[PDB]
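The form deposited in one PDB entry is given below as one chain in structure tokens.
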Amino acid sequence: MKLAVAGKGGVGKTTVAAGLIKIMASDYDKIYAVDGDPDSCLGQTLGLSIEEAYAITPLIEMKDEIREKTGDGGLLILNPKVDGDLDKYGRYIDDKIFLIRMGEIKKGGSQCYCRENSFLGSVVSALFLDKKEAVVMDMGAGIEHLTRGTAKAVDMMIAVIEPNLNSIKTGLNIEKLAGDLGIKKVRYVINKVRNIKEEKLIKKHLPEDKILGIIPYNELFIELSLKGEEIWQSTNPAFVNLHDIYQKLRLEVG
């Protein structure tokens, strides 16, 4: 199974991705947790300490492997090859979850251009097309990491939104981009709903079949965030919601 989780920053996109990763880590023998969003740490949210996460060097910073994979000094390999060498780009969090941190993309200007991007692209592409084990990658609303090439391999794009017009619009934006790109399934996860009014607002703009589930606002996510980190276990009343979301998710995929 290949999943993409997108959402504007602050919507709780990383928290949702981590939750799904935690829950599906028992239906698969391995899962590629891919942090495609620099602004938030999928690693820490997954339970890693700020030290263990930093140590897992970001794809964008493997300046040597980038030079070697895209040819150096002489050649230039427009199509870097990366497969068996994936497990060298991350760390196993445990016997099931392998984490890869993309690292922030750049643009610069006529200096050291396009190389590293073809590197990350190769990784993403290999993860979705060449690899067979479940993959769950989170990303911002721009879903910049996906391409028509990989889009065909994405079983589902999960748009995480909050219960308000703006955010709902962003969700719809994501649905458009994902669609244009060729992803067949785009489902929503409304996070941080605080009252019933919000739930109604949601239903008034989004169809029922397009909604995976709702996650209530909960102080726990804030407390566990900066101490326990085990923010996703029976201990959390929101886990019931994740279970529902996940179950509904597998009903549509496989």
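Between two forms, the rigid core is the largest collection of C-alphas that superpose within 1.5 Å. In case it trips you up, residue 1 is the first one in the sequence shown, and so on.
Heads up, the form deposited in another entry isn't pictured, but that's what we're talking about next.
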Only residue that shifts (Cα, 2 Å or more, rigid core superposed) between the shown form and the other one, among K107, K88, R148, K132: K107
Flag for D27, CA shift 2 Å or larger between the shown form and the other one after aligning core: no
With a threshold of 2 Å on the C-alpha, tell me if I196 counts as moved between the shown form and the other one once the core is superposed. no
Please state whether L224 has a C-alpha shift of 2 Å or more between the shown form and the other one, with the rigid core used for the fit. yes
Compare the CA separation of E230 and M139 in the other entry with the one in the displayed structure, and answer closer or farther (the difference is at least 3 Å). closer
Per the comparison in the other entry, the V11 and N164 C-alpha atoms (change 3 Å or more) are positioned farther
